[PDB]
file start_34.cif (mmCIF, C-alpha atoms)
data_input
loop_
_atom_site.label_atom_id
_atom_site.label_comp_id
_atom_site.auth_asym_id
_atom_site.auth_seq_id
_atom_site.Cartn_x
_atom_site.Cartn_y
_atom_site.Cartn_z
CA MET A 1 0.00 0.00 0.00
CA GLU A 2 2.56 2.69 1.09
CA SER A 3 4.77 2.44 -2.06
CA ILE A 4 1.81 2.88 -4.48
CA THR A 5 0.07 5.67 -2.44
CA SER A 6 3.34 7.66 -2.00
CA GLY A 7 3.78 7.07 -5.78
CA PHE A 8 0.54 9.02 -6.37
CA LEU A 9 1.59 11.78 -4.01
CA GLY A 10 4.62 13.15 -5.71
CA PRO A 11 2.49 13.37 -8.87
CA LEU A 12 0.62 16.11 -7.08
CA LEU A 13 3.92 17.38 -5.98
CA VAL A 14 4.90 17.67 -9.64
CA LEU A 15 1.60 19.67 -9.93
CA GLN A 16 2.58 21.69 -6.83
CA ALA A 17 6.05 22.30 -8.27
CA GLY A 18 4.39 23.75 -11.42
CA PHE A 19 2.24 25.98 -9.15
CA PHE A 20 5.36 26.98 -7.11
CA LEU A 21 7.34 27.94 -10.27
CA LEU A 22 4.31 29.89 -11.67
CA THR A 23 3.76 31.75 -8.35
CA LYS A 24 7.54 32.41 -7.92
CA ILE A 25 7.64 33.89 -11.49
CA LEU A 26 4.74 36.28 -10.48
CA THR A 27 6.30 37.19 -7.06
CA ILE A 28 9.56 38.29 -8.82
CA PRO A 29 7.55 41.20 -10.44
CA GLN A 30 6.08 41.92 -6.95
CA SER A 31 9.53 42.17 -5.22
CA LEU A 32 10.96 44.14 -8.20
CA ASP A 33 7.92 46.49 -7.99
CA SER A 34 8.70 47.23 -4.34
CA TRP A 35 12.20 48.55 -5.17
CA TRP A 36 11.88 49.77 -8.80
CA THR A 37 8.20 50.82 -8.94
CA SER A 38 8.40 52.61 -5.54
CA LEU A 39 11.51 54.56 -6.75
CA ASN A 40 9.72 55.52 -10.02
CA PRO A 41 -7.30 51.45 -14.88
CA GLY A 42 -4.00 50.50 -13.09
CA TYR A 43 -4.63 46.80 -13.96
CA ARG A 44 -3.29 47.13 -17.57
CA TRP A 45 -0.10 48.92 -16.44
CA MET A 46 0.49 46.30 -13.68
CA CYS A 47 -0.05 43.45 -16.24
CA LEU A 48 2.20 45.07 -18.89
CA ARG A 49 4.91 45.53 -16.16
CA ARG A 50 4.45 41.88 -14.94
CA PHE A 51 4.84 40.74 -18.58
CA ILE A 52 7.90 43.02 -19.26
CA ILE A 53 9.55 41.51 -16.12
CA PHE A 54 8.59 37.99 -17.39
CA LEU A 55 10.44 38.95 -20.64
CA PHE A 56 13.45 40.10 -18.46
CA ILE A 57 13.30 36.74 -16.51
CA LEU A 58 13.13 34.90 -19.87
CA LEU A 59 16.03 37.03 -21.27
CA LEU A 60 18.27 36.28 -18.22
CA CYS A 61 17.47 32.54 -18.51
CA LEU A 62 18.01 32.65 -22.32
CA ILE A 63 21.45 34.35 -21.89
CA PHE A 64 22.50 31.83 -19.18
CA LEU A 65 21.27 28.82 -21.23
CA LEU A 66 22.90 30.07 -24.51
CA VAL A 67 26.31 30.63 -22.80
CA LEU A 68 25.96 27.23 -21.03
CA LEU A 69 25.27 25.74 -24.55
CA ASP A 70 28.60 27.19 -25.88
CA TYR A 71 30.49 25.76 -22.84
CA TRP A 72 36.18 30.08 -27.22
CA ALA A 73 34.48 30.45 -30.62
CA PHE A 74 31.99 33.04 -29.17
CA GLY A 75 34.94 35.01 -27.69
CA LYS A 76 36.78 34.80 -31.06
CA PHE A 77 33.62 35.89 -33.03
CA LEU A 78 33.39 38.89 -30.64
CA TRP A 79 37.12 39.40 -31.49
CA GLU A 80 36.26 39.40 -35.28
CA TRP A 81 33.85 42.33 -34.61
CA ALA A 82 36.85 43.62 -32.75
CA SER A 83 39.07 43.27 -35.81
CA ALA A 84 37.84 46.83 -36.49
CA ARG A 85 37.03 47.84 -32.83
CA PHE A 86 40.25 46.44 -31.53
CA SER A 87 42.05 49.06 -33.60
CA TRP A 88 40.76 51.25 -30.75
CA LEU A 89 40.72 48.52 -27.98
CA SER A 90 44.40 47.60 -28.73
CA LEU A 91 45.29 51.19 -27.69
CA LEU A 92 43.08 50.78 -24.59
CA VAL A 93 44.83 47.60 -23.40
CA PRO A 94 48.21 49.31 -22.84
CA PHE A 95 46.35 52.01 -20.82
CA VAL A 96 44.62 49.19 -18.82
CA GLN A 97 47.99 47.50 -18.25
CA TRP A 98 49.49 50.68 -16.79
CA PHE A 99 46.35 51.12 -14.64
CA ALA A 100 46.69 47.46 -13.44
CA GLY A 101 50.31 48.11 -12.25
CA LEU A 102 49.16 51.21 -10.33
CA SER A 103 45.69 49.84 -9.52
CA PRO A 104 46.01 49.04 -5.81
CA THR A 105 46.74 52.58 -4.63
CA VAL A 106 44.77 54.24 -7.46
CA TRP A 107 41.68 51.97 -7.20
CA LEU A 108 41.29 52.53 -3.41
CA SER A 109 41.86 56.32 -3.94
CA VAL A 110 39.26 56.41 -6.79
CA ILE A 111 36.78 54.41 -4.59
CA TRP A 112 37.04 57.08 -1.84
CA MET A 113 36.56 59.79 -4.50
CA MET A 114 33.61 57.85 -6.06
CA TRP A 115 31.68 58.43 -2.82
CA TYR A 116 32.32 62.24 -2.32
CA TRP A 117 33.51 63.11 -5.81
CA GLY A 118 30.87 60.86 -7.54
CA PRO A 119 28.00 63.27 -6.55
CA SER A 120 30.42 66.11 -7.40
CA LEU A 121 30.94 64.50 -10.89
CA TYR A 122 27.14 64.52 -11.50
CA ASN A 123 27.24 68.34 -10.97
CA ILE A 124 30.70 68.77 -12.70
CA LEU A 125 29.41 66.74 -15.71
CA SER A 126 26.96 69.65 -16.34
CA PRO A 127 30.10 71.87 -16.93
CA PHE A 128 31.97 68.96 -18.72
CA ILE A 129 29.28 68.98 -21.49
CA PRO A 130 29.97 72.73 -22.30
CA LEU A 131 33.72 72.08 -21.88
CA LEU A 132 33.55 69.31 -24.57
CA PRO A 133 32.88 71.93 -27.36
CA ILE A 134 35.65 74.15 -25.83
CA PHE A 135 37.94 71.12 -26.04
CA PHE A 136 37.08 70.75 -29.67
CA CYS A 137 38.04 74.42 -30.11
CA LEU A 138 41.40 73.44 -28.47
CA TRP A 139 41.78 70.37 -30.83
CA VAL A 140 41.20 72.67 -33.87
CA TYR A 141 43.65 75.28 -32.44
CA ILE A 142 46.31 72.54 -31.88
CA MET B 1 44.09 80.21 -43.36
CA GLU B 2 40.24 80.21 -43.64
CA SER B 3 40.07 76.70 -45.20
CA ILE B 4 41.92 75.09 -42.21
CA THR B 5 39.33 76.71 -39.84
CA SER B 6 36.46 75.17 -41.95
CA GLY B 7 37.96 71.71 -42.24
CA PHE B 8 38.74 71.62 -38.63
CA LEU B 9 35.39 73.13 -37.90
CA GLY B 10 33.85 69.92 -39.01
CA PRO B 11 35.37 67.85 -36.29
CA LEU B 12 33.83 70.25 -33.87
CA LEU B 13 30.23 69.69 -35.14
CA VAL B 14 30.87 65.87 -35.23
CA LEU B 15 32.32 66.02 -31.64
CA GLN B 16 29.12 67.86 -30.58
CA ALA B 17 27.06 65.13 -32.35
CA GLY B 18 29.07 62.49 -30.34
CA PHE B 19 28.10 64.26 -27.07
CA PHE B 20 24.48 64.41 -28.38
CA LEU B 21 24.53 60.60 -29.05
CA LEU B 22 25.94 59.92 -25.53
CA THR B 23 23.35 62.19 -23.84
CA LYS B 24 20.52 60.60 -25.97
CA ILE B 25 21.70 57.11 -24.75
CA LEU B 26 21.50 58.46 -21.11
CA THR B 27 17.94 59.72 -21.89
CA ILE B 28 16.99 56.02 -22.55
CA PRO B 29 17.65 55.01 -18.85
CA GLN B 30 16.05 58.28 -17.59
CA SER B 31 12.94 57.91 -19.82
CA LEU B 32 12.43 54.22 -18.79
CA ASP B 33 12.85 55.38 -15.11
CA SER B 34 10.16 58.04 -15.85
CA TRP B 35 7.89 55.39 -17.51
CA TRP B 36 8.44 53.00 -14.54
CA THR B 37 7.71 55.93 -12.14
CA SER B 38 4.43 56.60 -14.07
CA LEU B 39 3.31 52.97 -13.45
CA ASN B 40 4.17 53.29 -9.70
CA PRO B 41 18.23 59.24 -0.13
CA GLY B 42 16.12 59.19 -3.35
CA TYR B 43 19.23 60.50 -5.23
CA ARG B 44 21.09 57.29 -4.15
CA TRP B 45 18.16 55.07 -5.22
CA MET B 46 17.84 56.97 -8.56
CA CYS B 47 21.59 56.49 -9.27
CA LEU B 48 21.42 52.76 -8.29
CA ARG B 49 18.30 52.16 -10.49
CA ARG B 50 19.87 54.06 -13.45
CA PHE B 51 23.11 52.02 -13.11
CA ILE B 52 21.09 48.71 -13.16
CA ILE B 53 18.80 49.96 -16.03
CA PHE B 54 21.94 50.93 -18.03
CA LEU B 55 23.34 47.38 -17.50
CA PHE B 56 19.91 46.05 -18.66
CA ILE B 57 20.27 48.33 -21.78
CA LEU B 58 23.54 46.43 -22.57
CA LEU B 59 21.66 43.06 -22.15
CA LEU B 60 18.83 44.39 -24.43
CA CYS B 61 21.48 45.43 -27.02
CA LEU B 62 22.90 41.85 -26.85
CA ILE B 63 19.33 40.53 -27.58
CA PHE B 64 19.11 42.96 -30.57
CA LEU B 65 22.56 41.54 -31.56
CA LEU B 66 20.82 38.07 -31.78
CA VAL B 67 18.39 39.60 -34.37
CA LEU B 68 21.48 41.02 -36.17
CA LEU B 69 23.05 37.48 -35.79
CA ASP B 70 20.76 36.31 -38.61
CA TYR B 71 22.37 38.95 -40.86
CA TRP B 72 18.25 29.73 -41.43
CA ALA B 73 21.75 28.67 -40.16
CA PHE B 74 21.26 30.98 -37.12
CA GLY B 75 17.77 29.41 -36.57
CA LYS B 76 19.35 25.91 -37.10
CA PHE B 77 22.03 26.58 -34.43
CA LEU B 78 19.14 27.37 -32.03
CA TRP B 79 17.46 24.15 -33.39
CA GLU B 80 20.57 22.07 -32.35
CA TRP B 81 20.57 23.62 -28.81
CA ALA B 82 16.95 22.70 -29.04
CA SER B 83 17.77 19.11 -29.87
CA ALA B 84 18.30 18.38 -26.13
CA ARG B 85 15.05 20.30 -25.32
CA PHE B 86 13.52 18.62 -28.45
CA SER B 87 12.25 15.58 -26.78
CA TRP B 88 9.81 18.02 -25.10
CA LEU B 89 9.87 20.54 -28.03
CA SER B 90 8.89 17.81 -30.58
CA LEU B 91 5.41 17.64 -28.96
CA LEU B 92 5.27 21.48 -29.25
CA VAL B 93 6.34 21.38 -32.98
CA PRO B 94 2.97 19.94 -34.23
CA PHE B 95 1.12 22.67 -32.35
CA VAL B 96 3.44 25.45 -33.49
CA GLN B 97 3.18 24.14 -37.11
CA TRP B 98 -0.65 24.50 -37.15
CA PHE B 99 -0.41 27.92 -35.49
CA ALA B 100 2.40 29.06 -37.89
CA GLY B 101 0.24 28.79 -41.05
CA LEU B 102 -2.94 30.35 -39.68
CA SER B 103 -1.54 33.01 -37.32
CA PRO B 104 -0.05 35.34 -39.94
CA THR B 105 -3.44 35.59 -41.76
CA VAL B 106 -5.29 35.55 -38.42
CA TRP B 107 -2.74 38.21 -37.10
CA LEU B 108 -4.76 41.13 -38.54
CA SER B 109 -7.70 39.63 -36.55
CA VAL B 110 -5.38 38.91 -33.51
CA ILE B 111 -4.87 42.70 -33.07
CA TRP B 112 -8.66 43.06 -32.52
CA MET B 113 -8.78 39.80 -30.48
CA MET B 114 -6.04 41.00 -28.06
CA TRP B 115 -8.21 43.91 -26.85
CA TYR B 116 -11.18 41.63 -26.00
CA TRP B 117 -8.96 38.74 -24.85
CA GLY B 118 -7.20 41.00 -22.28
CA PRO B 119 -10.28 41.32 -19.99
CA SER B 120 -11.60 37.81 -20.87
CA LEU B 121 -8.33 35.93 -20.15
CA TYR B 122 -8.01 37.76 -16.79
CA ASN B 123 -11.40 36.30 -15.69
CA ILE B 124 -10.74 32.87 -17.34
CA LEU B 125 -7.27 32.64 -15.69
CA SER B 126 -8.87 32.73 -12.19
CA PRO B 127 -10.54 29.24 -12.59
CA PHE B 128 -7.84 28.06 -15.06
CA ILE B 129 -5.05 28.62 -12.43
CA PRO B 130 -6.61 25.90 -10.12
CA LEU B 131 -7.64 23.71 -13.12
CA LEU B 132 -4.11 23.68 -14.63
CA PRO B 133 -2.64 21.76 -11.59
CA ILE B 134 -5.75 19.48 -11.64
CA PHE B 135 -5.16 18.75 -15.39
CA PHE B 136 -1.39 18.31 -14.76
CA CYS B 137 -2.29 15.65 -12.13
CA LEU B 138 -4.41 13.86 -14.82
CA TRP B 139 -1.33 13.98 -17.14
CA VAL B 140 0.63 12.13 -14.38
CA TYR B 141 -2.19 9.53 -13.97
CA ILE B 142 -2.17 8.51 -17.68
#

call {"tool": "encode", "arguments": {"input": "start_34.cif", "output": "structure tokens"}}
result
Amino acid sequence: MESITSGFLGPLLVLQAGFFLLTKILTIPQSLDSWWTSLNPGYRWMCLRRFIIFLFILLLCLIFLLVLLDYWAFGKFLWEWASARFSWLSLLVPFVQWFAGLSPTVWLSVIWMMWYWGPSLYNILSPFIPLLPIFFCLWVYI
Amino acid sequence: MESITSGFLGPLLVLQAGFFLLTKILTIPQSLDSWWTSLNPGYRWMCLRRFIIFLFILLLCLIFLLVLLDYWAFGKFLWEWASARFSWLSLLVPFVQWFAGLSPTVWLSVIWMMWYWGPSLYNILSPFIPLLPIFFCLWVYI
């Protein structure tokens, strides 16, 4: 008796597991709405936002599953798009190397600045945008 | 020399267009943050949300890169990754095949259907959510 009756059970558990994955997929929009939707006829806008988050859940799973499916050719195909872009990125690497040799002291200094100076850089970026045309004027003068 | 001031002038208008492209990209995270706000220390939360939405913009550009990845062998590579899924997917293929012929003609009608289906499916989903685990348990019994 016990082996057959416990055999039936799990089969409802498989049904429960389907209900748990469905409800978990809907609760992810609810937890995301608490953080994102608080920082930002209501039924359609809730349902569109639930569906857009279901597309984001699907997109994260699709990216994970596609990269798991490749597990070097994808890196090398990205590098073929880089056969042009590397022209530029090959100049960036040497700058990144130099930054890696000085990174300990500079990275901890830049982290401390990113807290005080990061809000300053939001304000200072408003002057950087007008300075970018003045730089051009300097590039044309030079 | 007037000509050198013209020719160099160009770079300056193109450099301004490069700042206009960068600021228009930043308007995509801000306008999605506005749209999310319309459905729903604040400086810190705004900066955190805009950082995460900008990372999501790079993931969305990678999904657009999969559309560009066609520009049948792209579809066939997905069909091989499918081949593991395909034991399950091969039951879906007969359904999708019937849908794939009709739906494009039906699609002009589907635009009208989607308006009336939106309220209908909300009501129908309330009893269908309990029935779908009941029907799943029948699928285990057979």

call {"tool": "atom_distance", "arguments": {"input": "start_34.cif", "atom1": "atom CA of residue 106 of chain B", "atom2": "atom CA of residue 68 of chain B"}}
result
27.4 Å

call {"tool": "atom_distance", "arguments": {"input": "start_34.cif", "atom1": "atom CA of residue 105 of chain B", "atom2": "atom CA of residue 118 of chain B"}}
result
20.6 Å

call {"tool": "atom_distance", "arguments": {"input": "start_34.cif", "atom1": "atom CA of residue 35 of chain B", "atom2": "atom CA of residue 123 of chain A"}}
result
24.2 Å

call {"tool": "closest_residue", "arguments": {"input": "start_34.cif", "among": "A:108, A:26, A:124, A:12", "to": "residue 52 of chain A", "atoms": "all atoms listed in the file"}}
result
A:26

call {"tool": "resolve_selection", "arguments": {"input": "start_34.cif", "expression": "the PyMOL selection byres ((chain A) within 9 of (chain B))", "output": "VMD selection string"}}
result
chain A and resid 8 11 to 16 18 to 19 33 35 to 40 42 44 to 46 49 56 59 to 60 63 66 69 129 132 to 133 135 to 137 139 to 141

call {"tool": "write_last_selection", "arguments": {"input": "start_34.cif", "atoms": "C-alpha atoms", "output": "PDB file, in the frame of the given file"}}
result
ATOM      1  CA  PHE A   8       0.540   9.020  -6.370  1.00  0.00           C
ATOM      2  CA  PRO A  11       2.490  13.370  -8.870  1.00  0.00           C
ATOM      3  CA  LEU A  12       0.620  16.110  -7.080  1.00  0.00           C
ATOM      4  CA  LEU A  13       3.920  17.380  -5.980  1.00  0.00           C
ATOM      5  CA  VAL A  14       4.900  17.670  -9.640  1.00  0.00           C
ATOM      6  CA  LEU A  15       1.600  19.670  -9.930  1.00  0.00           C
ATOM      7  CA  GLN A  16       2.580  21.690  -6.830  1.00  0.00           C
ATOM      8  CA  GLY A  18       4.390  23.750 -11.420  1.00  0.00           C
ATOM      9  CA  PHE A  19       2.240  25.980  -9.150  1.00  0.00           C
ATOM     10  CA  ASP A  33       7.920  46.490  -7.990  1.00  0.00           C
ATOM     11  CA  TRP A  35      12.200  48.550  -5.170  1.00  0.00           C
ATOM     12  CA  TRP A  36      11.880  49.770  -8.800  1.00  0.00           C
ATOM     13  CA  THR A  37       8.200  50.820  -8.940  1.00  0.00           C
ATOM     14  CA  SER A  38       8.400  52.610  -5.540  1.00  0.00           C
ATOM     15  CA  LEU A  39      11.510  54.560  -6.750  1.00  0.00           C
ATOM     16  CA  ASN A  40       9.720  55.520 -10.020  1.00  0.00           C
ATOM     17  CA  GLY A  42      -4.000  50.500 -13.090  1.00  0.00           C
ATOM     18  CA  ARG A  44      -3.290  47.130 -17.570  1.00  0.00           C
ATOM     19  CA  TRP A  45      -0.100  48.920 -16.440  1.00  0.00           C
ATOM     20  CA  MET A  46       0.490  46.300 -13.680  1.00  0.00           C
ATOM     21  CA  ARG A  49       4.910  45.530 -16.160  1.00  0.00           C
ATOM     22  CA  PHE A  56      13.450  40.100 -18.460  1.00  0.00           C
ATOM     23  CA  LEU A  59      16.030  37.030 -21.270  1.00  0.00           C
ATOM     24  CA  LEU A  60      18.270  36.280 -18.220  1.00  0.00           C
ATOM     25  CA  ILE A  63      21.450  34.350 -21.890  1.00  0.00           C
ATOM     26  CA  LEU A  66      22.900  30.070 -24.510  1.00  0.00           C
ATOM     27  CA  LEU A  69      25.270  25.740 -24.550  1.00  0.00           C
ATOM     28  CA  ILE A 129      29.280  68.980 -21.490  1.00  0.00           C
ATOM     29  CA  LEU A 132      33.550  69.310 -24.570  1.00  0.00           C
ATOM     30  CA  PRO A 133      32.880  71.930 -27.360  1.00  0.00           C
ATOM     31  CA  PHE A 135      37.940  71.120 -26.040  1.00  0.00           C
ATOM     32  CA  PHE A 136      37.080  70.750 -29.670  1.00  0.00           C
ATOM     33  CA  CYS A 137      38.040  74.420 -30.110  1.00  0.00           C
ATOM     34  CA  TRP A 139      41.780  70.370 -30.830  1.00  0.00           C
ATOM     35  CA  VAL A 140      41.200  72.670 -33.870  1.00  0.00           C
ATOM     36  CA  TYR A 141      43.650  75.280 -32.440  1.00  0.00           C
TER      37      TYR A 141
END

call {"tool": "calpha_fit_rmsd", "arguments": {"input": "start_34.cif", "fixed": "chain A", "moving": "chain B"}}
result
3.1 Å

call {"tool": "build_atoms", "arguments": {"input": "start_34.cif", "residues": "segment 113-127 of chain A", "atoms": "N, CA and C atoms", "output": "mmCIF file, in the coordinates of the input"}}
result
data_model
loop_
_atom_site.group_PDB
_atom_site.id
_atom_site.type_symbol
_atom_site.label_atom_id
_atom_site.label_comp_id
_atom_site.auth_asym_id
_atom_site.auth_seq_id
_atom_site.Cartn_x
_atom_site.Cartn_y
_atom_site.Cartn_z
ATOM 1 N N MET A 113 37.098 58.745 -3.636
ATOM 2 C CA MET A 113 36.560 59.790 -4.500
ATOM 3 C C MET A 113 35.188 59.429 -5.062
ATOM 4 N N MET A 114 34.924 58.212 -5.517
ATOM 5 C CA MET A 114 33.610 57.850 -6.060
ATOM 6 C C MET A 114 32.474 58.126 -5.078
ATOM 7 N N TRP A 115 32.718 58.038 -3.770
ATOM 8 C CA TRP A 115 31.680 58.430 -2.820
ATOM 9 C C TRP A 115 31.467 59.956 -2.702
ATOM 10 N N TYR A 116 32.492 60.766 -2.401
ATOM 11 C CA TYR A 116 32.320 62.240 -2.320
ATOM 12 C C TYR A 116 32.296 62.988 -3.670
ATOM 13 N N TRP A 117 33.293 62.665 -4.464
ATOM 14 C CA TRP A 117 33.510 63.110 -5.810
ATOM 15 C C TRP A 117 32.502 62.540 -6.802
ATOM 16 N N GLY A 118 31.922 61.351 -6.626
ATOM 17 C CA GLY A 118 30.870 60.860 -7.540
ATOM 18 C C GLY A 118 29.637 61.780 -7.622
ATOM 19 N N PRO A 119 29.029 62.219 -6.499
ATOM 20 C CA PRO A 119 28.000 63.270 -6.550
ATOM 21 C C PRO A 119 28.521 64.589 -7.117
ATOM 22 N N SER A 120 29.772 64.942 -6.796
ATOM 23 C CA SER A 120 30.420 66.110 -7.400
ATOM 24 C C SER A 120 30.509 65.991 -8.924
ATOM 25 N N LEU A 121 30.869 64.831 -9.473
ATOM 26 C CA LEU A 121 30.940 64.500 -10.890
ATOM 27 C C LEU A 121 29.575 64.543 -11.580
ATOM 28 N N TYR A 122 28.459 64.226 -10.923
ATOM 29 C CA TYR A 122 27.140 64.520 -11.500
ATOM 30 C C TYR A 122 26.951 66.027 -11.774
ATOM 31 N N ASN A 123 27.297 66.880 -10.798
ATOM 32 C CA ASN A 123 27.240 68.340 -10.970
ATOM 33 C C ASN A 123 28.285 68.849 -11.992
ATOM 34 N N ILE A 124 29.545 68.438 -11.849
ATOM 35 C CA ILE A 124 30.700 68.770 -12.700
ATOM 36 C C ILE A 124 30.528 68.280 -14.141
ATOM 37 N N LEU A 125 29.803 67.183 -14.373
ATOM 38 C CA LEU A 125 29.410 66.740 -15.710
ATOM 39 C C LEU A 125 28.534 67.777 -16.436
ATOM 40 N N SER A 126 27.676 68.522 -15.720
ATOM 41 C CA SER A 126 26.960 69.650 -16.340
ATOM 42 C C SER A 126 27.912 70.702 -16.942
ATOM 43 N N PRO A 127 28.991 71.157 -16.267
ATOM 44 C CA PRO A 127 30.100 71.870 -16.930
ATOM 45 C C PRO A 127 30.973 71.069 -17.922
#
